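Structure data (PDB, C-alpha atoms) from entry_13.pdb:
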```
ATOM      1  CA  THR A  24     -22.644  -6.843 170.494  1.00  0.00           C
ATOM      2  CA  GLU A  25     -23.208  -5.693 166.920  1.00  0.00           C
ATOM      3  CA  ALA A  26     -22.567  -2.795 164.592  1.00  0.00           C
ATOM      4  CA  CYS A  27     -22.428  -2.585 160.825  1.00  0.00           C
ATOM      5  CA  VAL A  28     -21.266  -0.319 158.001  1.00  0.00           C
ATOM      6  CA  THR A  29     -21.602  -0.645 154.207  1.00  0.00           C
ATOM      7  CA  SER A  30     -19.109  -0.471 151.338  1.00  0.00           C
ATOM      8  CA  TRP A  31     -19.448  -0.681 147.567  1.00  0.00           C
ATOM      9  CA  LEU A  32     -16.970  -1.943 145.017  1.00  0.00           C
ATOM     10  CA  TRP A  33     -16.898  -2.463 141.266  1.00  0.00           C
ATOM     11  CA  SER A  34     -14.463  -3.230 138.509  1.00  0.00           C
ATOM     12  CA  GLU A  35     -14.043  -2.127 134.905  1.00  0.00           C
ATOM     13  CA  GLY A  36     -13.826  -3.883 131.537  1.00  0.00           C
ATOM     14  CA  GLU A  37     -14.945  -7.272 130.263  1.00  0.00           C
ATOM     15  CA  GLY A  38     -16.937  -9.092 132.935  1.00  0.00           C
ATOM     16  CA  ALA A  39     -16.984  -6.117 135.301  1.00  0.00           C
ATOM     17  CA  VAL A  40     -18.716  -6.757 138.626  1.00  0.00           C
ATOM     18  CA  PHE A  41     -20.484  -4.676 141.259  1.00  0.00           C
ATOM     19  CA  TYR A  42     -20.819  -5.671 144.888  1.00  0.00           C
ATOM     20  CA  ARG A  43     -22.345  -4.382 148.067  1.00  0.00           C
ATOM     21  CA  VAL A  44     -20.280  -5.173 151.199  1.00  0.00           C
ATOM     22  CA  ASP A  45     -21.906  -5.159 154.611  1.00  0.00           C
ATOM     23  CA  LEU A  46     -19.223  -5.163 157.283  1.00  0.00           C
ATOM     24  CA  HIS A  47     -20.695  -6.685 160.417  1.00  0.00           C
ATOM     25  CA  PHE A  48     -18.614  -5.719 163.437  1.00  0.00           C
ATOM     26  CA  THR A  49     -18.923  -7.908 166.519  1.00  0.00           C
ATOM     27  CA  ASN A  50     -17.334  -6.883 169.818  1.00  0.00           C
ATOM     28  CA  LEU A  51     -16.002 -10.024 171.523  1.00  0.00           C
ATOM     29  CA  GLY A  52     -15.317  -8.268 174.831  1.00  0.00           C
ATOM     30  CA  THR A  53     -12.322  -9.948 176.451  1.00  0.00           C
ATOM     31  CA  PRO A  54     -11.693 -13.315 174.748  1.00  0.00           C
ATOM     32  CA  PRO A  55      -9.434 -16.009 176.284  1.00  0.00           C
ATOM     33  CA  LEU A  56      -5.704 -15.364 175.588  1.00  0.00           C
ATOM     34  CA  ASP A  57      -2.464 -17.407 175.714  1.00  0.00           C
ATOM     35  CA  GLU A  58       0.689 -16.722 177.733  1.00  0.00           C
ATOM     36  CA  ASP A  59       2.140 -13.229 177.140  1.00  0.00           C
ATOM     37  CA  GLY A  60      -1.418 -12.122 176.297  1.00  0.00           C
ATOM     38  CA  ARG A  61      -1.746 -12.844 172.571  1.00  0.00           C
ATOM     39  CA  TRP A  62      -4.965 -13.544 170.634  1.00  0.00           C
ATOM     40  CA  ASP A  63      -4.840 -16.037 167.707  1.00  0.00           C
ATOM     41  CA  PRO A  64      -8.369 -15.744 166.243  1.00  0.00           C
ATOM     42  CA  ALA A  65      -7.684 -17.061 162.692  1.00  0.00           C
ATOM     43  CA  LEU A  66      -7.004 -20.439 164.338  1.00  0.00           C
ATOM     44  CA  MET A  67      -9.437 -20.248 167.286  1.00  0.00           C
ATOM     45  CA  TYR A  68     -12.712 -19.408 165.513  1.00  0.00           C
ATOM     46  CA  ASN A  69     -14.608 -20.641 162.460  1.00  0.00           C
ATOM     47  CA  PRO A  70     -14.801 -18.156 159.548  1.00  0.00           C
ATOM     48  CA  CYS A  71     -18.053 -17.327 157.822  1.00  0.00           C
ATOM     49  CA  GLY A  72     -18.773 -18.703 154.336  1.00  0.00           C
ATOM     50  CA  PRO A  73     -19.290 -19.715 151.627  1.00  0.00           C
ATOM     51  CA  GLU A  74     -16.677 -17.397 150.221  1.00  0.00           C
ATOM     52  CA  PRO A  75     -17.219 -14.894 147.387  1.00  0.00           C
ATOM     53  CA  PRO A  76     -15.038 -15.357 144.288  1.00  0.00           C
ATOM     54  CA  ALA A  77     -11.295 -15.202 144.957  1.00  0.00           C
ATOM     55  CA  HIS A  78     -10.414 -12.120 142.906  1.00  0.00           C
ATOM     56  CA  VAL A  79     -13.301 -10.123 144.340  1.00  0.00           C
ATOM     57  CA  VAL A  80     -12.052 -10.788 147.875  1.00  0.00           C
ATOM     58  CA  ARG A  81      -8.442  -9.893 146.980  1.00  0.00           C
ATOM     59  CA  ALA A  82      -9.648  -6.651 145.443  1.00  0.00           C
ATOM     60  CA  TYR A  83     -11.794  -5.639 148.400  1.00  0.00           C
ATOM     61  CA  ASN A  84      -8.973  -6.481 150.835  1.00  0.00           C
ATOM     62  CA  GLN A  85      -6.275  -4.791 148.766  1.00  0.00           C
ATOM     63  CA  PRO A  86      -4.383  -1.870 150.229  1.00  0.00           C
ATOM     64  CA  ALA A  87      -4.780   1.195 147.914  1.00  0.00           C
ATOM     65  CA  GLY A  88      -4.130   4.409 149.867  1.00  0.00           C
ATOM     66  CA  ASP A  89      -4.902   7.195 147.370  1.00  0.00           C
ATOM     67  CA  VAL A  90      -8.317   8.669 148.246  1.00  0.00           C
ATOM     68  CA  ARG A  91      -9.225  10.013 144.809  1.00  0.00           C
ATOM     69  CA  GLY A  92     -12.843  11.110 145.285  1.00  0.00           C
ATOM     70  CA  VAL A  93     -15.565  11.949 147.817  1.00  0.00           C
ATOM     71  CA  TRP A  94     -19.111  10.674 147.173  1.00  0.00           C
ATOM     72  CA  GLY A  95     -22.456  11.374 148.764  1.00  0.00           C
ATOM     73  CA  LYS A  96     -23.639  14.233 150.928  1.00  0.00           C
ATOM     74  CA  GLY A  97     -23.989  15.435 154.514  1.00  0.00           C
ATOM     75  CA  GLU A  98     -23.832  12.516 156.923  1.00  0.00           C
ATOM     76  CA  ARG A  99     -23.588   9.683 154.379  1.00  0.00           C
ATOM     77  CA  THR A 100     -20.277  10.507 152.748  1.00  0.00           C
ATOM     78  CA  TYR A 101     -17.924   7.992 151.026  1.00  0.00           C
ATOM     79  CA  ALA A 102     -14.237   7.976 150.138  1.00  0.00           C
ATOM     80  CA  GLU A 103     -13.431   6.458 146.778  1.00  0.00           C
ATOM     81  CA  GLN A 104     -10.192   4.573 146.204  1.00  0.00           C
ATOM     82  CA  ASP A 105      -9.192   3.845 142.615  1.00  0.00           C
ATOM     83  CA  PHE A 106      -6.651   1.074 141.895  1.00  0.00           C
ATOM     84  CA  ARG A 107      -5.538  -1.717 139.582  1.00  0.00           C
ATOM     85  CA  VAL A 108      -5.085  -5.358 140.514  1.00  0.00           C
ATOM     86  CA  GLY A 109      -3.310  -7.160 137.686  1.00  0.00           C
ATOM     87  CA  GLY A 110      -4.689  -5.201 134.744  1.00  0.00           C
ATOM     88  CA  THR A 111      -8.167  -4.821 136.264  1.00  0.00           C
ATOM     89  CA  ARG A 112      -9.286  -1.418 137.519  1.00  0.00           C
ATOM     90  CA  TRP A 113     -11.343  -1.316 140.726  1.00  0.00           C
ATOM     91  CA  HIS A 114     -13.300   1.347 142.576  1.00  0.00           C
ATOM     92  CA  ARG A 115     -14.102   0.996 146.263  1.00  0.00           C
ATOM     93  CA  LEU A 116     -16.312   3.321 148.249  1.00  0.00           C
ATOM     94  CA  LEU A 117     -15.743   3.351 151.963  1.00  0.00           C
ATOM     95  CA  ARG A 118     -17.837   5.071 154.566  1.00  0.00           C
ATOM     96  CA  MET A 119     -15.741   7.811 156.179  1.00  0.00           C
ATOM     97  CA  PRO A 120     -16.730   9.023 159.720  1.00  0.00           C
ATOM     98  CA  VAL A 121     -16.639  12.514 161.341  1.00  0.00           C
TER      99      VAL A 121
ATOM    100  CA  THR B  24     -26.796 -14.813 153.475  1.00  0.00           C
ATOM    101  CA  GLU B  25     -25.037 -15.054 150.079  1.00  0.00           C
ATOM    102  CA  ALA B  26     -21.205 -14.878 150.132  1.00  0.00           C
ATOM    103  CA  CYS B  27     -18.982 -14.185 153.141  1.00  0.00           C
ATOM    104  CA  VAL B  28     -15.415 -13.772 154.441  1.00  0.00           C
ATOM    105  CA  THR B  29     -14.114 -12.879 157.915  1.00  0.00           C
ATOM    106  CA  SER B  30     -11.588 -10.350 159.229  1.00  0.00           C
ATOM    107  CA  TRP B  31     -10.210  -9.745 162.703  1.00  0.00           C
ATOM    108  CA  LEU B  32      -9.108  -6.533 164.397  1.00  0.00           C
ATOM    109  CA  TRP B  33      -7.704  -5.886 167.845  1.00  0.00           C
ATOM    110  CA  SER B  34      -5.804  -3.354 169.874  1.00  0.00           C
ATOM    111  CA  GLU B  35      -3.290  -3.603 172.708  1.00  0.00           C
ATOM    112  CA  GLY B  36      -2.805  -1.540 175.891  1.00  0.00           C
ATOM    113  CA  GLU B  37      -5.412  -0.446 178.454  1.00  0.00           C
ATOM    114  CA  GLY B  38      -8.865  -0.353 176.863  1.00  0.00           C
ATOM    115  CA  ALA B  39      -7.852  -3.066 174.418  1.00  0.00           C
ATOM    116  CA  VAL B  40     -10.799  -4.107 172.270  1.00  0.00           C
ATOM    117  CA  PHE B  41     -11.342  -7.238 170.171  1.00  0.00           C
ATOM    118  CA  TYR B  42     -13.538  -7.501 167.081  1.00  0.00           C
ATOM    119  CA  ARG B  43     -14.659 -10.067 164.540  1.00  0.00           C
ATOM    120  CA  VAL B  44     -15.766  -8.541 161.236  1.00  0.00           C
ATOM    121  CA  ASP B  45     -17.943 -10.541 158.877  1.00  0.00           C
ATOM    122  CA  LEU B  46     -18.014  -9.118 155.349  1.00  0.00           C
ATOM    123  CA  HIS B  47     -21.265 -10.016 153.611  1.00  0.00           C
ATOM    124  CA  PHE B  48     -21.077  -9.755 149.812  1.00  0.00           C
ATOM    125  CA  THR B  49     -24.112  -9.207 147.568  1.00  0.00           C
ATOM    126  CA  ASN B  50     -23.582  -9.434 143.804  1.00  0.00           C
ATOM    127  CA  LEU B  51     -25.392  -6.443 142.295  1.00  0.00           C
ATOM    128  CA  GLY B  52     -24.771  -7.304 138.629  1.00  0.00           C
ATOM    129  CA  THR B  53     -23.186  -4.647 136.392  1.00  0.00           C
ATOM    130  CA  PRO B  54     -21.085  -1.621 137.554  1.00  0.00           C
ATOM    131  CA  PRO B  55     -23.550   1.173 138.455  1.00  0.00           C
ATOM    132  CA  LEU B  56     -23.069   3.569 135.520  1.00  0.00           C
ATOM    133  CA  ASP B  57     -24.671   2.157 132.361  1.00  0.00           C
ATOM    134  CA  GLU B  58     -23.915   3.174 128.773  1.00  0.00           C
ATOM    135  CA  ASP B  59     -26.880   5.542 128.704  1.00  0.00           C
ATOM    136  CA  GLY B  60     -25.795   6.838 131.240  1.00  0.00           C
ATOM    137  CA  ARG B  61     -28.193   6.092 134.068  1.00  0.00           C
ATOM    138  CA  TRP B  62     -27.162   5.167 137.601  1.00  0.00           C
ATOM    139  CA  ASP B  63     -28.050   1.989 139.497  1.00  0.00           C
ATOM    140  CA  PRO B  64     -30.159   3.130 142.510  1.00  0.00           C
ATOM    141  CA  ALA B  65     -28.533   0.273 144.468  1.00  0.00           C
ATOM    142  CA  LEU B  66     -25.360   2.373 144.798  1.00  0.00           C
ATOM    143  CA  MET B  67     -25.093   3.931 148.277  1.00  0.00           C
ATOM    144  CA  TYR B  68     -28.661   2.817 148.937  1.00  0.00           C
ATOM    145  CA  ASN B  69     -29.882   1.803 152.384  1.00  0.00           C
ATOM    146  CA  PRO B  70     -26.540   1.564 154.256  1.00  0.00           C
ATOM    147  CA  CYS B  71     -26.557  -0.830 157.221  1.00  0.00           C
ATOM    148  CA  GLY B  72     -26.414   0.335 160.837  1.00  0.00           C
ATOM    149  CA  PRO B  73     -25.694   1.360 163.451  1.00  0.00           C
ATOM    150  CA  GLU B  74     -22.110   2.181 162.609  1.00  0.00           C
ATOM    151  CA  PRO B  75     -19.119   1.124 164.736  1.00  0.00           C
ATOM    152  CA  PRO B  76     -17.294   3.838 166.732  1.00  0.00           C
ATOM    153  CA  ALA B  77     -15.060   6.167 164.677  1.00  0.00           C
ATOM    154  CA  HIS B  78     -11.649   5.003 165.982  1.00  0.00           C
ATOM    155  CA  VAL B  79     -12.656   1.410 165.250  1.00  0.00           C
ATOM    156  CA  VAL B  80     -13.689   2.176 161.667  1.00  0.00           C
ATOM    157  CA  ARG B  81     -10.567   4.281 161.131  1.00  0.00           C
ATOM    158  CA  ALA B  82      -8.436   1.450 162.500  1.00  0.00           C
ATOM    159  CA  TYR B  83     -10.124  -1.061 160.191  1.00  0.00           C
ATOM    160  CA  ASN B  84      -9.327   1.003 157.099  1.00  0.00           C
ATOM    161  CA  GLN B  85      -5.931   2.416 158.072  1.00  0.00           C
ATOM    162  CA  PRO B  86      -3.292   1.821 155.346  1.00  0.00           C
ATOM    163  CA  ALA B  87      -0.592  -0.516 156.633  1.00  0.00           C
ATOM    164  CA  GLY B  88       1.855  -2.960 155.099  1.00  0.00           C
ATOM    165  CA  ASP B  89       1.582  -6.702 155.523  1.00  0.00           C
ATOM    166  CA  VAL B  90       3.889  -7.891 158.334  1.00  0.00           C
ATOM    167  CA  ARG B  91       3.370 -11.604 157.456  1.00  0.00           C
ATOM    168  CA  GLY B  92       0.891 -14.096 155.986  1.00  0.00           C
ATOM    169  CA  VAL B  93      -0.825 -16.631 158.236  1.00  0.00           C
ATOM    170  CA  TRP B  94      -3.250 -19.554 158.264  1.00  0.00           C
ATOM    171  CA  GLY B  95      -6.129 -19.835 158.972  1.00  0.00           C
ATOM    172  CA  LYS B  96      -8.590 -22.648 159.867  1.00  0.00           C
ATOM    173  CA  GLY B  97      -8.777 -24.928 156.821  1.00  0.00           C
ATOM    174  CA  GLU B  98      -5.387 -23.677 155.585  1.00  0.00           C
ATOM    175  CA  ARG B  99      -7.019 -20.404 154.670  1.00  0.00           C
ATOM    176  CA  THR B 100      -4.462 -17.643 154.011  1.00  0.00           C
ATOM    177  CA  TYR B 101      -4.668 -14.253 155.755  1.00  0.00           C
ATOM    178  CA  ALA B 102      -2.449 -11.160 155.530  1.00  0.00           C
ATOM    179  CA  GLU B 103      -1.466  -9.676 158.910  1.00  0.00           C
ATOM    180  CA  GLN B 104      -0.897  -6.016 159.731  1.00  0.00           C
ATOM    181  CA  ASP B 105       0.668  -4.556 162.888  1.00  0.00           C
ATOM    182  CA  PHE B 106       0.428  -0.779 163.043  1.00  0.00           C
ATOM    183  CA  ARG B 107      -0.197   2.219 165.191  1.00  0.00           C
ATOM    184  CA  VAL B 108      -2.780   4.905 164.772  1.00  0.00           C
ATOM    185  CA  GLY B 109      -4.021   7.447 167.338  1.00  0.00           C
ATOM    186  CA  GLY B 110      -1.367   6.403 169.881  1.00  0.00           C
ATOM    187  CA  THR B 111      -2.912   2.922 169.839  1.00  0.00           C
ATOM    188  CA  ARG B 112      -1.357  -0.253 168.474  1.00  0.00           C
ATOM    189  CA  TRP B 113      -3.613  -2.384 166.320  1.00  0.00           C
ATOM    190  CA  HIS B 114      -3.488  -5.865 164.853  1.00  0.00           C
ATOM    191  CA  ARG B 115      -5.444  -6.786 161.748  1.00  0.00           C
ATOM    192  CA  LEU B 116      -6.215  -9.960 159.793  1.00  0.00           C
ATOM    193  CA  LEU B 117      -7.555  -9.924 156.229  1.00  0.00           C
ATOM    194  CA  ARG B 118      -8.648 -12.916 154.180  1.00  0.00           C
ATOM    195  CA  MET B 119      -6.285 -13.061 151.201  1.00  0.00           C
ATOM    196  CA  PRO B 120      -6.808 -16.091 148.940  1.00  0.00           C
ATOM    197  CA  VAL B 121      -4.761 -17.429 146.028  1.00  0.00           C
TER     198      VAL B 121
END
```
Kindly return the structure encoded in the file as structure tokens.
Amino acid sequence: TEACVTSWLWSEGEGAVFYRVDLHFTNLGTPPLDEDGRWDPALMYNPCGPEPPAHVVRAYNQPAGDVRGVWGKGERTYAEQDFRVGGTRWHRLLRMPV
Amino acid sequence: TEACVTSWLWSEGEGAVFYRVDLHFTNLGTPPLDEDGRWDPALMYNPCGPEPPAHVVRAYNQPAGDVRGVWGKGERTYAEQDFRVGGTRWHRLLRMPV
């Protein structure tokens, strides 16, 4: 059972990039578990692919904490995080709920 | 349909839920503010839906340190987080390539 939400992300400087990210959320209900009751999905299931470039993925999946701006209006509002990853500055807009 | 990575997110306790998240990446070219300075209409345009429930989204984006790194079908590296938010304990896996 499916849901989705969209992010945006872009870097600065020479060779700057700009991506849309559609996060497709799938509810797996109650999957099979081991003893104790632990799930090990990274090893159980096949990942999607082919992968985007390495540095783009590291940047999107970076922790960054400091919400530094709020974009958009009304019901479609986005939190901006602003961070560097090895000399490259990134901006990442995340949908923020109510 | 272009470039893709996978994440995993799950909770413990009664009402535990389990989710696969596929992150679809679409290269949009140059960062959205040009030197003129006009905006790319692609930015925040046509967000996907419907959106996942608020506690799920919040959990997915909660700041949390990496507990450990794991593999990963095909020796693919993931960062793991183990954290609590809203009284609920969550586990999270994020694709993190080098």
Can you work out which residues from chain B touch chain A at a cut-off of 6 Å (counting all atoms listed in the file) and hand them back as a PyMOL selection string?
chain B and resi 26-29+41-54+70-75+77+95-96+119
Could you do a least-squares fit of chain B on chain A over every C-alpha atom, in sequence order, and give the output as an mmCIF file with C-alpha atoms, keeping the file's coordinate frame?
```cif
data_model
loop_
_atom_site.group_PDB
_atom_site.id
_atom_site.type_symbol
_atom_site.label_atom_id
_atom_site.label_comp_id
_atom_site.auth_asym_id
_atom_site.auth_seq_id
_atom_site.Cartn_x
_atom_site.Cartn_y
_atom_site.Cartn_z
ATOM 1 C CA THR B 24 -26.766 -7.933 164.010
ATOM 2 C CA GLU B 25 -24.534 -5.775 166.256
ATOM 3 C CA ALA B 26 -22.481 -3.051 164.500
ATOM 4 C CA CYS B 27 -22.185 -2.458 160.753
ATOM 5 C CA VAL B 28 -20.649 -0.338 157.973
ATOM 6 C CA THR B 29 -20.882 -0.654 154.178
ATOM 7 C CA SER B 30 -18.323 -0.657 151.357
ATOM 8 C CA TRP B 31 -18.728 -0.732 147.594
ATOM 9 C CA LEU B 32 -16.559 -2.307 144.908
ATOM 10 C CA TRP B 33 -16.909 -2.384 141.146
ATOM 11 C CA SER B 34 -14.985 -3.002 137.976
ATOM 12 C CA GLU B 35 -15.156 -1.557 134.469
ATOM 13 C CA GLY B 36 -14.812 -3.165 131.016
ATOM 14 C CA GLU B 37 -16.475 -6.325 129.671
ATOM 15 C CA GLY B 38 -17.450 -8.623 132.540
ATOM 16 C CA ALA B 39 -17.842 -5.640 134.845
ATOM 17 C CA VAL B 40 -19.147 -6.726 138.237
ATOM 18 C CA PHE B 41 -20.791 -4.704 141.013
ATOM 19 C CA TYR B 42 -20.721 -5.534 144.721
ATOM 20 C CA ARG B 43 -22.046 -4.210 148.006
ATOM 21 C CA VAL B 44 -20.009 -5.326 151.018
ATOM 22 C CA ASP B 45 -21.534 -5.185 154.476
ATOM 23 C CA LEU B 46 -18.947 -5.420 157.256
ATOM 24 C CA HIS B 47 -20.484 -6.907 160.390
ATOM 25 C CA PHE B 48 -18.500 -6.153 163.558
ATOM 26 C CA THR B 49 -18.636 -8.296 166.709
ATOM 27 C CA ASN B 50 -16.853 -6.985 169.808
ATOM 28 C CA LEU B 51 -14.895 -9.925 171.231
ATOM 29 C CA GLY B 52 -13.577 -8.163 174.348
ATOM 30 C CA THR B 53 -9.816 -8.218 175.002
ATOM 31 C CA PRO B 54 -7.039 -8.823 172.386
ATOM 32 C CA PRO B 55 -6.635 -12.619 172.040
ATOM 33 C CA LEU B 56 -3.316 -13.185 173.841
ATOM 34 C CA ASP B 57 -3.759 -12.827 177.611
ATOM 35 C CA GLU B 58 -1.023 -12.177 180.175
ATOM 36 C CA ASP B 59 -0.755 -15.874 180.989
ATOM 37 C CA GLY B 60 -0.381 -16.414 178.013
ATOM 38 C CA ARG B 61 -3.412 -18.301 176.764
ATOM 39 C CA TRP B 62 -5.147 -17.672 173.449
ATOM 40 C CA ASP B 63 -8.786 -16.696 172.907
ATOM 41 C CA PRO B 64 -10.362 -19.609 170.943
ATOM 42 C CA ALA B 65 -12.515 -16.983 169.179
ATOM 43 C CA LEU B 66 -9.503 -16.031 167.031
ATOM 44 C CA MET B 67 -9.774 -17.539 163.531
ATOM 45 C CA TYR B 68 -12.701 -19.617 164.764
ATOM 46 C CA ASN B 69 -15.608 -20.586 162.525
ATOM 47 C CA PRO B 70 -14.922 -18.335 159.493
ATOM 48 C CA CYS B 71 -18.018 -17.431 157.463
ATOM 49 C CA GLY B 72 -18.702 -18.810 153.986
ATOM 50 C CA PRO B 73 -18.749 -19.465 151.163
ATOM 51 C CA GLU B 74 -15.947 -17.152 150.148
ATOM 52 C CA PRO B 75 -16.156 -14.693 147.233
ATOM 53 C CA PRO B 76 -14.121 -15.475 144.082
ATOM 54 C CA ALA B 77 -10.353 -14.877 144.369
ATOM 55 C CA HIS B 78 -10.061 -11.869 142.011
ATOM 56 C CA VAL B 79 -12.892 -10.178 143.904
ATOM 57 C CA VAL B 80 -11.252 -10.698 147.300
ATOM 58 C CA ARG B 81 -7.876 -9.609 145.928
ATOM 59 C CA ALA B 82 -9.490 -6.503 144.451
ATOM 60 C CA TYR B 83 -11.166 -5.684 147.769
ATOM 61 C CA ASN B 84 -7.861 -5.771 149.645
ATOM 62 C CA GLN B 85 -5.529 -4.348 146.996
ATOM 63 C CA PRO B 86 -3.409 -1.448 148.356
ATOM 64 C CA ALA B 87 -4.334 1.782 146.590
ATOM 65 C CA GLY B 88 -4.206 5.472 147.416
ATOM 66 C CA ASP B 89 -7.290 7.566 148.017
ATOM 67 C CA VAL B 90 -8.249 9.460 144.834
ATOM 68 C CA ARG B 91 -10.856 11.620 146.670
ATOM 69 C CA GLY B 92 -13.294 11.667 149.597
ATOM 70 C CA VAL B 93 -17.038 11.545 148.962
ATOM 71 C CA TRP B 94 -20.435 11.599 150.659
ATOM 72 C CA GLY B 95 -22.421 9.493 151.360
ATOM 73 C CA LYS B 96 -26.143 9.273 152.293
ATOM 74 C CA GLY B 97 -26.557 11.211 155.546
ATOM 75 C CA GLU B 98 -23.361 13.187 154.861
ATOM 76 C CA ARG B 99 -21.371 10.078 155.624
ATOM 77 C CA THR B 100 -17.744 10.354 154.456
ATOM 78 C CA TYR B 101 -16.131 7.684 152.256
ATOM 79 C CA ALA B 102 -12.625 7.409 150.781
ATOM 80 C CA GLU B 103 -12.542 6.500 147.072
ATOM 81 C CA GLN B 104 -9.923 4.423 145.276
ATOM 82 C CA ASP B 105 -9.463 4.007 141.513
ATOM 83 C CA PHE B 106 -6.872 1.391 140.624
ATOM 84 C CA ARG B 107 -5.940 -1.424 138.343
ATOM 85 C CA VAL B 108 -5.087 -4.968 139.223
ATOM 86 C CA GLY B 109 -4.991 -8.036 136.950
ATOM 87 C CA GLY B 110 -5.547 -5.921 133.817
ATOM 88 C CA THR B 111 -8.877 -4.844 135.318
ATOM 89 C CA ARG B 112 -9.816 -1.385 136.552
ATOM 90 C CA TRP B 113 -11.570 -1.262 139.895
ATOM 91 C CA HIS B 114 -13.416 1.349 141.910
ATOM 92 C CA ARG B 115 -13.701 1.120 145.676
ATOM 93 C CA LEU B 116 -15.558 2.971 148.437
ATOM 94 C CA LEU B 117 -14.620 2.684 152.116
ATOM 95 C CA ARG B 118 -16.464 4.198 155.057
ATOM 96 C CA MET B 119 -14.041 6.658 156.655
ATOM 97 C CA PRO B 120 -15.528 8.664 159.541
ATOM 98 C CA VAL B 121 -14.174 11.635 161.490
#
```
Please report, as AutoDock Vina command-line options, the centre and edge lengths in Å to one decimal of an axis-aligned box covering all listed atoms of stretch 82-87 of chain A with 3 Å per side.
```
--center_x -8.1 --center_y -2.7 --center_z 148.1 --size_x 13.4 --size_y 13.8 --size_z 11.4
```
Find the distance between atom CA of residue A:111 and atom CA of residue B:58 and write it in Å to one decimal.
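Answer for the atom CA of residue A:111 to atom CA of residue B:58 separation: 19.2 Å.
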Option closest in space to residue B:92, from B:104, B:37, B:55, B:113 [counting all atoms listed in the file]:
B:104
Just write stretch 83-98 of chain A with N, CA and C atoms, as a PDB file, in the first residue's frame, taken from the block above.
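As a result, decode05.pdb now contains:
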```pdb
ATOM      1  N   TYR A  83      21.800  13.943  -0.342  1.00  0.00           N
ATOM      2  CA  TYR A  83      20.408  13.816   0.051  1.00  0.00           C
ATOM      3  C   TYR A  83      20.254  13.111   1.389  1.00  0.00           C
ATOM      4  N   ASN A  84      21.054  12.077   1.623  1.00  0.00           N
ATOM      5  CA  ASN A  84      20.936  11.273   2.852  1.00  0.00           C
ATOM      6  C   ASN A  84      21.758  11.764   4.036  1.00  0.00           C
ATOM      7  N   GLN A  85      22.372  12.929   3.872  1.00  0.00           N
ATOM      8  CA  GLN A  85      23.158  13.557   4.916  1.00  0.00           C
ATOM      9  C   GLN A  85      22.245  13.968   6.063  1.00  0.00           C
ATOM     10  N   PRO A  86      22.724  13.840   7.311  1.00  0.00           N
ATOM     11  CA  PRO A  86      22.041  14.597   8.369  1.00  0.00           C
ATOM     12  C   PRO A  86      22.437  16.089   8.290  1.00  0.00           C
ATOM     13  N   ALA A  87      21.546  17.020   8.636  1.00  0.00           N
ATOM     14  CA  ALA A  87      21.907  18.452   8.559  1.00  0.00           C
ATOM     15  C   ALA A  87      21.243  19.376   9.591  1.00  0.00           C
ATOM     16  N   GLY A  88      20.176  18.887  10.222  1.00  0.00           N
ATOM     17  CA  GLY A  88      19.579  19.548  11.378  1.00  0.00           C
ATOM     18  C   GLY A  88      19.004  20.951  11.237  1.00  0.00           C
ATOM     19  N   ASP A  89      19.867  21.943  11.021  1.00  0.00           N
ATOM     20  CA  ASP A  89      19.461  23.353  11.069  1.00  0.00           C
ATOM     21  C   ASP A  89      18.452  23.777   9.988  1.00  0.00           C
ATOM     22  N   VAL A  90      17.161  23.734  10.313  1.00  0.00           N
ATOM     23  CA  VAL A  90      16.136  24.315   9.449  1.00  0.00           C
ATOM     24  C   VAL A  90      16.388  25.814   9.290  1.00  0.00           C
ATOM     25  N   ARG A  91      16.804  26.256   8.112  1.00  0.00           N
ATOM     26  CA  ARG A  91      17.198  27.651   7.971  1.00  0.00           C
ATOM     27  C   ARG A  91      16.215  28.504   7.167  1.00  0.00           C
ATOM     28  N   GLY A  92      15.235  27.868   6.525  1.00  0.00           N
ATOM     29  CA  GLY A  92      14.181  28.611   5.852  1.00  0.00           C
ATOM     30  C   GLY A  92      12.891  27.828   5.645  1.00  0.00           C
ATOM     31  N   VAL A  93      11.785  28.556   5.484  1.00  0.00           N
ATOM     32  CA  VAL A  93      10.495  27.944   5.150  1.00  0.00           C
ATOM     33  C   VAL A  93       9.959  28.431   3.787  1.00  0.00           C
ATOM     34  N   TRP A  94       9.780  27.490   2.861  1.00  0.00           N
ATOM     35  CA  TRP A  94       9.324  27.821   1.513  1.00  0.00           C
ATOM     36  C   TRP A  94       7.897  27.381   1.223  1.00  0.00           C
ATOM     37  N   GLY A  95       7.253  28.103   0.313  1.00  0.00           N
ATOM     38  CA  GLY A  95       5.929  27.729  -0.126  1.00  0.00           C
ATOM     39  C   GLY A  95       4.873  28.226   0.828  1.00  0.00           C
ATOM     40  N   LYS A  96       3.614  28.037   0.452  1.00  0.00           N
ATOM     41  CA  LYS A  96       2.506  28.642   1.178  1.00  0.00           C
ATOM     42  C   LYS A  96       1.448  27.619   1.598  1.00  0.00           C
ATOM     43  N   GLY A  97       0.616  28.022   2.558  1.00  0.00           N
ATOM     44  CA  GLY A  97      -0.579  27.286   2.931  1.00  0.00           C
ATOM     45  C   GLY A  97      -0.360  25.839   3.298  1.00  0.00           C
ATOM     46  N   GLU A  98      -0.761  24.947   2.398  1.00  0.00           N
ATOM     47  CA  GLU A  98      -0.719  23.511   2.661  1.00  0.00           C
ATOM     48  C   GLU A  98       0.486  22.821   2.025  1.00  0.00           C
TER      49      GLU A  98
END
```
